[PDB]
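I have placed the structure first, in the form of structure tokens, so that the comments after it can refer back to it.
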Amino acid sequence: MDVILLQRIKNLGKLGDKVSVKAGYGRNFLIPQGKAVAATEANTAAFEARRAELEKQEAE
Amino acid sequence: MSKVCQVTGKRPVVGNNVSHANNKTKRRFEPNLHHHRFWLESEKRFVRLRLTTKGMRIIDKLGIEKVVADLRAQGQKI
Amino acid sequence: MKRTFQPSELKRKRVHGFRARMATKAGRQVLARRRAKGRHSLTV
RNA sequence: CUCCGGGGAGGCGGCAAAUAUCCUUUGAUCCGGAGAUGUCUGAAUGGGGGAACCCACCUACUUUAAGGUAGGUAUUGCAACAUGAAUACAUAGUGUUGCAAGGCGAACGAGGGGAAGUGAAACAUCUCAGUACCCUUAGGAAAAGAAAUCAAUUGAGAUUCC
RNA sequence: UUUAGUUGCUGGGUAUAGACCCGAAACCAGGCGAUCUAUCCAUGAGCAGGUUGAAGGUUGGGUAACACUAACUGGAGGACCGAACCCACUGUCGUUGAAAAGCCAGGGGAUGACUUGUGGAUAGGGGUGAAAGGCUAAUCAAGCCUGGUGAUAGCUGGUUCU
RNA sequence: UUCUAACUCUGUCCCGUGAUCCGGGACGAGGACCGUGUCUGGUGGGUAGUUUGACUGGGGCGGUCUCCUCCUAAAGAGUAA
Ligand SMILES: NCCC[C@H](N)CC(=O)NCCC[C@H](N)CC(=O)NCCC[C@H](N)CC(=O)N[C@@H]1[C@H](O)[C@@H](OC(N)=O)[C@@H](CO)O[C@H]1NC1=N[C@@H]2C(=O)NC[C@@H](O)[C@H]2N1
């Protein structure tokens, strides 16, 4: 899947970068636990337009 | 109560085995069905669905919440 | 010598009776056929 | 059994004669329409069961003894209300009320499955034939239907049937 | 280069249909049968009378002590003889029978791998079988019933006035 | 080599619940294996549909089955075992 990260991941990236992962990785680990969101156009717009400042605010 | 995909409605279909001598015998094609647990955040719970890999791809493309709402609209207990 | 018919009313009713026929769809089809033919007695 | 309308001298259904008691011009029997009553089994639905049987519970009235009268008590689906775990919020679960469904029956329709005898002068591809049969489910019909269709002088113009 | 067709009506022939009529052993589909019989499950019942004397036990002889040894008890057994009961080895009779498997005279088992009542389970290429292809309602190398079905038959029979 | 988050448990505890089914929750042991769908090679009398020639001094066994030459063949042609 194409996903947008919600946090730091060692080999993927961090804090809003769009990166393609294997479908099982996104479906079973990241998305259910909130570490990323599927990179739909609506999801990307909703993430970047508003919420991103607080997402950056949480350092740890 | 059957081998039916909850997302797509896929179910076994009939066909033929065709040998090299062209003998034909009845067979069925079965869907790639399995059970899968999906996290539903709006309801804070796992939902267990019997679905195909194509249904999983549909859920990947459309989001779990939209698919669950559509099944409820069709009248399924999810 | 012992012959094939050894009567028992309870067994007769439990095997061929009205409720036994009604218990399955094939028995209900039997009852439908006998009603269509017009039998005076439907079951044993 | 009651009412309304017709009809006008016989009548008390048939096998099935006789008999008695009788009814009827104060209009019978009979004919048409509308009402009243309508035991038990059967989807049978209060529980059960070897169909026409066995055993019950709850309300209201009634009786004094060991009963009566009327009503309610199935399951599933939907809606509302109430209640309510693991578990905090919830959800699952539970209950009440209201509404709906189930069963039967000719053929025709739509859909899910689907043979072999036979023919090929043998037989396996093929045929028989999507026939027989099984299953689900409508309507007075059903299905189809308004071109991502045909045609090939650039023309036709939705389905269905002959 | 042949120069009368065509449409009706009647008749002869051919083709597709059951195709002149009657007749298979079979094959397929859906139902009905374990009240007979096979095995199993649950709960009940039955076995006159008479023999034999296992293990074990007690007492007594005998030894330096064991050993060894006698008598009395005891009541085992797919134990023995033999009625009921369950079987079916021989012979006569019966064979349009008294009887679609028997009678009579003898015969085997008879406390056991025993016999038996009631009620259940297993269903047809399936069941069950101390195994005979046995049994599965007087039917079994694939039960019965109804459908495909008027199966097919290069075979046999029959085919009506002058 | 390690891990957990898909997935497995005919393991323990809790709840629905008066319940050795089932569902949900918490653990534990496993774990990207096992297992399932589509495709594909192998095996496959377990099961099923069928085939397994004719002549012939009966049938079987043996022999033969197409072509050329001579005789049988009766002075045209043809003529069987
Ligand atoms: N659940 C199913 C499991 C499937 C499993 N995996 C088996 C598999 O993978 N594929 C099965 C094949 C499916 C196909 N529809 C059957 C078919 O189309 N047959 C055609 C039969 C034609 C005719 N009627 C009879 C005939 O001439 N036959 C010959 C030949 O006799 C046969 O030899 C045997 N027979 O002994 C084989 C050689 O071995 O060649 C056949 N000729 C051919 N064979 C080829 C082929 O198939 N394609 C391409 C082309 O080459 C074909 N021409």
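Below, chains carry the letters A, B, ... as their sequence lines are ordered, and counting in each starts from 1.
- Applying the 90° criterion around 0 to the glycosidic angle, E/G126 comes out anti.
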Under-3.5 Å N/O pairs linking protein and nucleotides 33-36 of chain E:
unit_1, atom_1, unit_2, atom_2, d
E/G33, OP1, C/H16, ND1, 2.8
E/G33, OP1, C/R21, NH1, 3.1
E/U35, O2', C/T4, O, 2.7
E/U35, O2', C/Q6, N, 2.9
E/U35, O2, C/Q6, O, 2.8
E/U35, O2, C/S8, N, 3.3
E/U35, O4, C/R12, NH1, 3.3

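- Rounded to whole Å, atom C1' of D/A90 lies 14 Å from atom CG of B/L40.
- One P atom belongs to E/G125, the other to E/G31, and the distance between them is 13 Å to the nearest Å.
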Kindly give the atom pairs (protein nitrogen or oxygen, nucleotide nitrogen or oxygen) under 3.5 Å for nucleotides 38-45 of chain E.
none

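- For the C1' atom pair drawn from F/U40 and F/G11, the interatomic distance equals 39 Å after rounding to whole Å.
- Comparing D/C53 with D/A44, their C1' atoms are spaced 14 Å from each other, to the whole Å.
- Taken as a pair, E/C32 and E/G143 qualify: Watson-Crick (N1-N3 plus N6-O4 or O6-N4) or G-U wobble (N1-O2 and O6-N3), both under 3.5 Å.
- Between C/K25 atom NZ and D/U136 atom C1' the separation is 13 Å, expressed in whole Å.
- Annotated as anti: F/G30, whose glycosidic dihedral deviates from 0 by more than 90°.
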Mind listing the N/O atom pairs, protein and nucleotides 5-7 of chain F, below 3.5 Å?
unit_1, atom_1, unit_2, atom_2, d
F/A6, OP1, B/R37, NH1, 3.2
F/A6, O2', B/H36, NE2, 3.4
F/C7, OP1, B/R37, N, 3.0
F/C7, OP2, B/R37, NH1, 2.9

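- Other residues, nucleotides and ligands contribute at most 12 non-hydrogen atoms within 6.0 Å of the NZ atom of A/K22.
- Summarising the base pairing, D/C1 is matched to D/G35 through a Watson-Crick or G-U wobble pair whose two defining distances lie under 3.5 Å.
- A search for side chain to side chain donor-acceptor pair (under 3.5 Å) contacts involving B/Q76 returns B/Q6, not counting sequence neighbours.
- Using atom P as the reference point in both E/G126 and E/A100, the two lie 39 Å apart (nearest Å).
- For C/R28, the CZ atom counts as densely surrounded, since its 6.0 Å shell holds more than 12 non-hydrogen atoms of other residues, nucleotides or ligands.
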Short heteroatom pairs, N/O only, protein and nucleotides 104-115 of chain D, under 3.5 Å:
unit_1, atom_1, unit_2, atom_2, d
D/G114, OP2, B/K26, NZ, 3.1

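- The separation of E/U58 from E/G74, taken at their P atoms, amounts to 14 Å, rounded to a whole angstrom.
- Applying the salt bridge (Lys or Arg N to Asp or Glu O under 4.0 Å) test to every pair with at least one member in residues 33-54 of chain B, sequence neighbours left out, gives these pairs: B/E41-B/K44, B/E43-B/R45, B/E43-B/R72.
- In this structure, C/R19 does not reach the D/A51 phosphate: none of its side-chain N or O atoms is under 4.0 Å from OP1 or OP2.
- Within 4.0 Å of B/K77, counting heavy atoms only, lie sugar-phosphate atoms of the nucleic acid but no base atom.
- Both distances falling under 3.5 Å, in either a Watson-Crick or a G-U wobble arrangement, place E/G147 opposite E/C28.
- Residue B/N23 places at least one side-chain N or O closer than 4.0 Å to OP1 or OP2 of D/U125.
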